[PDB]
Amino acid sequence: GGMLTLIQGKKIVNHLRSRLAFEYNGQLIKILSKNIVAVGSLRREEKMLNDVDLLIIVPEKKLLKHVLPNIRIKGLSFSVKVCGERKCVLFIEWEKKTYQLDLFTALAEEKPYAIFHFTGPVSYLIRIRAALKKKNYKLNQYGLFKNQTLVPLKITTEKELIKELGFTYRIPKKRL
């Protein structure tokens, strides 16, 4: 995959927002724009991107075996590098060039945790996870755990999650 500017990346995401779908036992099911979240380097507003990173929110557990493994993009040429239920990496043709499209899935109840994980950057996640690990917590893209048991937090958004975890809220661009 070629490198992209932030603007090229945003243009691609805009194009993709109305064109993603998946095949479910023969039936083409459209993925809704509101369930597509730009994450990664794109959400961090970095100047150059190495890929385009999208998080797809899926409404039901049963659908995970179907969404990424049967992903469809209307009108766009692509090939699959690797693909499972949770991560799918595609190479897409856009104008004269091939770019890497990284797709991830989260269930609705995982959404704040997923956004936080897939936003990164990695250095920042390592620091946050290390501090929580010292207090016997484990944080990942699915939830907050203690002694291998889900800690049910009363949150809906990434911001609420960050504050409930006891860290300073910073906009994605400023996380390091």
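Note that residue numbering begins at 1 and tracks the sequence as displayed.
A.B. asks: Per the PDB record, is the mean Cα temperature factor higher over 104 to 112 or over 144 to 152?
C.D. replies: Taking the mean B-factor of the alpha carbons in each, 144 to 152 is higher.
A.B. asks: On average, which has the higher Cα B-factor in the deposited entry, 51 to 59 or 127 to 135?
C.D. replies: Mean CA B-factor is higher for 127 to 135.
A.B. asks: Looking at the C-alpha B-factor of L165, is it in the lowest, middle or highest third of its chain?
C.D. replies: For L165, whose C-alpha B-factor we compare with every modelled residue in the chain, the answer is the highest third.
A.B. asks: Taking the chain's C-alpha temperature factors as the reference, tell me which third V80 falls into: lowest, middle or highest.
C.D. replies: Its C-alpha B-factor belongs to the highest third of this chain's values.
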